[PDB]
Amino acid sequence: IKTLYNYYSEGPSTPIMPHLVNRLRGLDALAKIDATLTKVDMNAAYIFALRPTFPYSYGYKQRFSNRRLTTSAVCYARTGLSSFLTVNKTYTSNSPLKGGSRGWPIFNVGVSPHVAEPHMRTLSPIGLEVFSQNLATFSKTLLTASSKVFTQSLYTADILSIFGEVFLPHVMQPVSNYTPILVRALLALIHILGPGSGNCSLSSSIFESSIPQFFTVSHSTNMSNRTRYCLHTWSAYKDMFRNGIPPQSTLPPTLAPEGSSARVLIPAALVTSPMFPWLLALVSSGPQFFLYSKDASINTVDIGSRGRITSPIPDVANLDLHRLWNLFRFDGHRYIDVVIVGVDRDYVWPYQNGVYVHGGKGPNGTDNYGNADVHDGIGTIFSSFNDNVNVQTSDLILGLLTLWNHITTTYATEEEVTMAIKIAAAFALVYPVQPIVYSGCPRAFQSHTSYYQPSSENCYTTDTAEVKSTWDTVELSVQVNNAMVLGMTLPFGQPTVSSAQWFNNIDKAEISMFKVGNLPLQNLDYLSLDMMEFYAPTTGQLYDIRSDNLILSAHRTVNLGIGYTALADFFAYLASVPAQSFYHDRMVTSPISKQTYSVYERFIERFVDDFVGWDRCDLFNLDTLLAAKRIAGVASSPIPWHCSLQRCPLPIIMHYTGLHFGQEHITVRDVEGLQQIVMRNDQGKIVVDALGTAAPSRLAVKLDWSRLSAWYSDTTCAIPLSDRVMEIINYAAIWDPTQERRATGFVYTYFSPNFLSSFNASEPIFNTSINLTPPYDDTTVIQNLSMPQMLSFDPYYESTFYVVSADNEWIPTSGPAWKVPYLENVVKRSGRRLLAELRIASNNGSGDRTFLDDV
Amino acid sequence: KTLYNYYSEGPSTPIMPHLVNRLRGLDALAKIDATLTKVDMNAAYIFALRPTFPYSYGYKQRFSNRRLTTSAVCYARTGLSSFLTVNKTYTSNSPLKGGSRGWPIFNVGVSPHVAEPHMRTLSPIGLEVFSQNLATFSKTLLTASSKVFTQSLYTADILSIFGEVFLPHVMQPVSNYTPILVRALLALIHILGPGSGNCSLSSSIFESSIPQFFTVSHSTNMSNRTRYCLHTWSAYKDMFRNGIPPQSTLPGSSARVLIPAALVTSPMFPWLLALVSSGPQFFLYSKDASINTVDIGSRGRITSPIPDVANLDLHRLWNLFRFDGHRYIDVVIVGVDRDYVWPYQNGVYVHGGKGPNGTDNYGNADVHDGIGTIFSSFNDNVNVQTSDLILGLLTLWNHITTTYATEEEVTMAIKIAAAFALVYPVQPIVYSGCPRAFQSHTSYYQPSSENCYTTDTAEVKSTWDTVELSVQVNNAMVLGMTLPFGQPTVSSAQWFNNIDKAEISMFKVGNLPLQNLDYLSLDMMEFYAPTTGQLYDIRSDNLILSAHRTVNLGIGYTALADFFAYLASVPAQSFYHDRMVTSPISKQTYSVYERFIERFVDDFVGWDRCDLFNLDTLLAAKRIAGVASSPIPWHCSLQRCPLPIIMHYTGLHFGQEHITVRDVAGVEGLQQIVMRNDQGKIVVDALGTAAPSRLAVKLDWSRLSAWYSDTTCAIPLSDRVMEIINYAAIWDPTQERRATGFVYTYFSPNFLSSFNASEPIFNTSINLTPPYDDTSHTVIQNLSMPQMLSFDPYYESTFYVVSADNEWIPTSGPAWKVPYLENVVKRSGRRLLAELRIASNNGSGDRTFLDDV
């Protein structure tokens, strides 16, 4: 019903969570009906689904402008790493590379103790007859559905015996649930293709030109979450349970799934389906193999601060492009008995040569193989997943596209798909460490500060064609590499303490006992029973084109993940959670990190229960936050803790929350909100004597959300590019009476000039011909999308600080006297407009203002 | 309404709605009687692409017994019909008379906006597939419904192969065809050439008529070619697993078109591969420029072919544009055998068709670079008659409009194509200088001229034409050419000394939406029901009538753009080569010109403004190296169409009723202008009148007309002294030296001699010299817009029209030759002849007997 115009028109209400949850629900409903996913080209629908763009119009104002020509244009934010660039496995030489990490994080996911609640189902005509067999004394009239017309089918009497023997609970209580496998499918697709903005390294300059078309499969025993597979025919599998119960028996049915010792019944006609290898995955533990880009030279690109696109990044030779598939670890079933039904004693395993099914064809012409060999990993079978296998993107996703097409149409309901989308949105994206730039303090307060010099943190760029921003002063050493590797976050802000490292000729992984989350297991009994047509199908359709296709679903989960990130950033600027509380040294710099985590988890736990509907501890935990280690020789930058956990720019946060930061909140004219701040020294001489305005309290913002809009554009200044001196320092400072040295500056989480140059294109494609130059460029500002300073510098203590004038001739209530940014969301992507800001002199005569004043 | 109603009404205070409604009404009056296209192709071309705009003019003086012109009739035309350059084999470095050393390339990119597709109804096969995939099945491995599970979901065992391929479009039947109609209109207009017949930088070279023979040419460096891959349906199916993907892959294969074998042999097919590709894959020239080019003298003498025409090439406007379309196209051809022979080029083998040496089932899918490799009608050196090169375009337009398209798409295509329809040269401007009495109060004292270039030597050249076409001057004049909305170019091409080179910049002049070939394949494979009967406009199914509509719309666009530039006070020097180096005021004027254009485009065209007009090419000027700007004040507005066309499209009135006689008795309406020196001595103390402000013109539109009567003088031909300078000057308080003269835009005596013909045909027998009048032999004409009412785009100040010696009182009215104009309704003789042939004496038989419908 509602549209983007209605959402952009309205702002926050005093109950935020009842407002934010409803807004996110409406945004998801809008994401459902958006087209542009079926008729469009293949690698344009994929790029629109997985790399959504958020339009916005920037602009800044000045005090005394005389014929100032500005450009009103539209940019497109986008955030999230689409892949990860590391050094290749055969580098050696122990030398830094321009954008090549020595290792990558591993967001390991455990097994949930909670079980997804199954919903009712109805039996097939054959299933109802099994129910009659189990419910009544035997009679020949009970056998009503079985037949022998079709040979070796799912409708004879031996299938009836199977159903009555190993699936009695499901005959008595027909029930199923499919959200775990759907979650794993969504995560697999998203991680293989890569969501986000196209940035594919720890440096904000290297991007990914487009979605890759060719992958390579790599095997690594040391750092693979592999699971064991056994292959049997139904006859041999049943025969192995005759002379007692062997150890690790999968014979008894399962109602609450347990990690190890699972089994699945696979009909012979469905083994050959391309969906079978992906169905054995998405329920097993992963990743059993690593997926790389075939070529990192024709896919990775470099973006300059001014918008110059250089295709071959300096060190293409010694770099690998890991997909997000390799940055995630999932725990599923560790041992699976694949039992094939409707198969004689010469089956022959179709996929991998040298693999023999127990009870099938033997090695050399023999029949009824008598060995139940256990295969470690899904790569030992399913020849498509062997080592060094080059696959096209269509020949790898197709089976997935098949699997999702069947379950969502024949096996699962819409509620399961919605729950799967909501759960998978929690692990959808990976964000790099948050960079910040402290502006310093005015020279007037040089003697009243502990943080005088400007500084920067986590500001890393690798482009060398254009001018490098002075804020970016990060050199990729081993210690800095590890410190930033321990700094990536998930949509809810959870870090990871598990890492991997593959170089020289050695692969080594450190997986901690603490996990970033947990996922439910898929009950393989439901899968097996559905796959033998024991349950009645939910729908008679054949295609999911008109209802919840894989690409639209994945687009929905990516949208929900970006919404989770934006709302988490908003909650960070609701509980006064500093950015530095999520760095590598978060556990030793200050003991207030736990206090901040308390309020942050209070916000998150209320959001998850009100919107997601799943157990909160499975999606967010403090286990990885509290298990920080700190590298060693990495020192914290001298920056006060005054900025929140901003991971996505301000326009995305305003889109997902309704925050308004237009030019109506910038004061130009003027009754007494001012206060004179007086300070004397030991000689009794006044040394400050400056006007100031009190920063608003969170209660005041709660009762009036325009106070937060006015707080922005009062402490916000455009970030300079060539010099480390801001135009806000010359006029204003932060005065905190409770501090020993009461003056400070502004922290301003800072993305990049290259990153924002990547925002110019409406679609995340950058090869050579895309024009990333700023619109109507004339002449040194890096754009401010940073969220205002926190209204409180303590998670629990409420105290009032001030914005204090620094020169003499600036009155803080007369409006800011620098380059003051303003933002808008904008639905319709318009073109560049050359506007002029002038003085009003009562003789202002322009043709447009004279003749185009009708409307 | 008629032209008599529009010529009797003027502009109103709400001026954008007035102008837009007037333009819509004038569009409603563009009828060329399509029956004519079946009897007189050449007359239809002339009437469609070269509108006439008849007008009446006269001069009026006050105290002379001399008899001057009073009610003469002329016919005003705008635009370049073709371009004249040096030939590819020209080796020498000496300049040639009228031959440029390179032409601009108005490069157009791909619009990010996609034209919105409207609903379509499925054909019985499409409806079968739709009701098929919508049916409820029960999977079960016994039957084939289970094949979507046991086999990939892109299976063709439940649907057909075509149903599987077109499943997404069967689920959502939509289509849109304006991207191809825009290119068809542009192709026709650029091949034939619209406008006045002027075909060079010089205003004396003209095209004799619309050309009848073209020559193709190939250039590896300059052509914007695309790659084609030809297959058969059976061979195209076997490339993939067993069926072809619903969405085409990345690598050519960027686009795919399905053509039944019965439609390949149609003449529309080569023009269908074009108009969706990127162009121009080949260049078009006039066959022999020695017979289609004439030189027009000052008095009207049409001479022998161009003095150095043996070293010149007559480029068509086709060569002056660059479009970005699909770069890779798969031509599939469905319903053909394994012995299929490509019927358009020898040596071209279709994949799965006939092989090289009489073989069958050709196994290679060869990639052909450029539409010139296939379609031997577009080969390197091919002489093509006009009719058989335009027949394919006509058939394509008729078929698409009457089968696949709707009226809204055709109208949108016309309006979009009108923006790229015409090419204009640099604006020439004169400067009268200043009266001698103000010699010590001026910075621009000497009279001068800019971009005034003529090459005829048969008659006497006007004193205002002083341009010597050197290399730097050639480059500066080339970089001043503009589109109807005023967009110049920074790209160029040069084919000299057998060396061809194109400089294409990243800043385009505009964008056009891409054409979705999936809709094309669906319509041509009869999966959509044809849209027959959804064309309520009788001119939308021809092409020539449609092209006439877009040509008229483009002339209206440029007239309204000039009028907006006057309204927004945009100097004519903001569109030269040195627009960015001279003074930042150019961008300040752009900041209002953009608002005017954006309002007009958002109120009339309905398309995105950024596709039709940006400031990108304006803001990327190069200024050349050694061309110095003439000492002329920036008092002349941007103008490319003469005054009569401007007042035709806008409704302005400039008759003789606005000239005052007024024996002066009192002091009403006069001001005293004083300049005192350091010691307090008065040095000027002159009489003056206050120039009207734009606010007063908004509340009273007649004030502008009287303004035109107060500052306009007829331009002399053989002397650089304008009689207005003998009586009056401009006093600008915001100038350091406040005294200044008058500028005006000056076209040429030859360009106005070309206006003496009712139709743009000049070979030898046309008499362009006006007999019994002889006034034009000394005074040329003044077809310029009046002086700009403001010399500052942002702040309004009052300047004055001041007297030179106080003998002449400004209130008493002008003492010089005052021109007056009027729009007249006057059809041409050939137009009336065609009307008689197609309406009065039309027998036919399909209208006498097939009239019951």
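Sequence positions are given from 1 along each chain as written, possibly unlike the numbering in the entry, and residues without coordinates are left off. Think of it this way: whatever chain is written first is A, whatever ligand is written first is 1, and the rest follow in order. Shown here is a subset of chains from a larger assembly, with all values computed for this subset only. With hydrogens and water set aside, each side-chain value is computed from the structure's full complement of heavy atoms.

## What about the overall build of chain A?
- Per the secondary structure count, chain A includes 22 helices and 32 strands.
- Every radius of gyration here is taken over C-alpha atoms, with the globule rule written as 2.2 Å times N^0.38, N being the number of residues. Computed over C-alpha atoms, the radius of gyration of chain A comes to 30 Å, within 12% of the 29 Å expected from 2.2 N^0.38 for 855 residues, which places it in the range of a compact globule.
- Principal-axis analysis of the C-alpha atoms gives chain A an extent of 105 × 65 × 55 Å.
- Only protein chains enter the accessibility calculation, which uses a 1.4 Å probe; a residue whose area is less than 20% of its type maximum is buried, one above 50% is exposed, and one in between is partly exposed. By residue count, 60% of the 855 residues in chain A fall in the buried class.
- For chain A, the accessible area works out to roughly 32300 Å², and carbon and sulfur atoms hold 51% of it.
- Considering chain A, the positive charge centre built from 62 side chains and the negative charge centre built from 71 side chains are found 3 Å apart. Segments assigned H or I by DSSP are reported as helices when at least four residues long, segments assigned E as strands when at least two residues long, and all are numbered from the N terminus. All accessible-area figures derive from a Shrake-Rupley calculation using a 1.4 Å probe, and residue coverage is judged against the displayed protein chains alone. Positive charges are assigned to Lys and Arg, negative charges to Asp and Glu, while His and the chain termini are left out of the count. By convention, the charge on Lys lies at NZ, on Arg at CZ, on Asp at CG and on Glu at CD.

## Some thoughts on the packing of aromatic side chains
- Between the rings of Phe, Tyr and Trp (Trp by its six-membered ring), a pair exists once the centres lie within 6.5 Å; its type follows the angle of the planes, with under 30 degrees stacked, over 60 edge-to-face, and the other angles tilted. Scanning the entire structure with this criterion turns up 89 aromatic pairs over all chains.
- Judged by centre distance (5.7 Å) and plane angle (35°), the ring pair of B:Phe206 and B:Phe751 falls under tilted.
- Each member of the aromatic cluster is reached from another via a ring pair, and the members are A:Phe492, A:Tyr564, A:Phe571, A:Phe603, A:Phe607 and A:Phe611.

## Examining helix α20 (residues 643-650) of chain B
Residue and element names in this part refer to chain B.
- Most of α20 is tucked away: eight of the eight residues are buried.
- Turning to α20, its buried residues are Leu 643, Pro 644, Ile 645, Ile 646, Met 647, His 648, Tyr 649 and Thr 650.
- Between two residues, a contact is recorded if the distance between any of their heavy atoms is within 4.5 Å. In the core, the buried residues of α20 are packed alongside α1 (3-6), α2 (15-27), β1 (54-60), α17 (544-567), α22 (702-711) and β29 (818-823).
- After α20 finishes, the residue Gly 651 shows a positive phi value of roughly 90°.

## Some thoughts on the sheet that holds strand β17 (residues 367-369) of chain B
All names here are of chain B.
- Strands sit in the order β11-β16-β10-β17 across an open sheet of four strands; the sheet is mixed. Each having just a single partner strand, β11 (255-257) and β17 make up the two edges of the open sheet. Averaged over neighbouring strand pairs, the angle between their axes works out to 25° when direction is ignored.
- By the convention used here, strands pair only if DSSP detects at least 2 bridges between them. Bridging between strand β10 (residues 227-230) and β17 involves three bridges; their strand directions are antiparallel. Bridge pairing in β17 links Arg 227 to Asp 369. Helix axes use the C-alpha atoms of the stretch in contact, all axes being lines fitted to C-alpha atoms, and the angles between their N-to-C directions lie in the range 0 to 180 degrees.

## Describing the pairing of β10(B)
- Across four bridges, the pairing between β10(B) and strand β16 (residues 328-331) of chain B is parallel. The residue bridging B:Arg227 from the neighbouring strand is B:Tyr328, located in β16(B).

## Quick look at the nonpolar core
- Core analysis: the biggest nonpolar cluster contains 275 residues, and A:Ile192, A:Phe276, A:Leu280 and A:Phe607 have the highest contact counts within it.
- Ignoring sequence-local partners within four residues, the contact set of A:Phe607 consists of A:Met17, A:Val21, A:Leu24, A:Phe492, A:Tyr564, A:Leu567, A:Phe571 and A:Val612. To define a nonpolar core, start from buried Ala, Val, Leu, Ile, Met, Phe, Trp, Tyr and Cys residues and group those joined through side-chain atoms within 4.5 Å.

## Side note on the pattern of salt bridges
- Just to be clear on terms, a salt bridge is a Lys or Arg side-chain nitrogen sitting within 4 Å of an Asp or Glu carboxyl oxygen. A complete count under the given rule lists 41 salt bridges over all chains for this structure.
- Between B:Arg539 and B:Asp537 there is a salt bridge; the shortest N-O distance is 3.3 Å.
- A relative accessible area of 8% means that B:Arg539 is categorised as buried.
- For B:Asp537, a relative accessible area of 17% gives the class buried.
- When salt bridges with common partners are traced through the structure, they connect A:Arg833, B:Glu594, B:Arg595, B:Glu598 and B:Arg609 into a single cluster.

## Details of the interface of chain B and chain A
- Tallying the contact residues gives 67 residues for chain B and 61 residues for chain A.
- A simple way to read buried area is as the amount of 1.4 Å-probe accessible surface that goes missing from two parts once joined, with both sides added. In total, chain B and chain A occlude about 5800 Å² of area from one another, counting both sides; carbon and sulfur atoms represent 59% of this.
- By the criterion of area lost to chain A, the three top residues of chain B are B:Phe149, B:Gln247 and B:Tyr795, representing 15% of everything that side buries.
- Remark: the boundary between chain B and chain A carries six salt bridges.

Shape is all these values report; function is a separate question.
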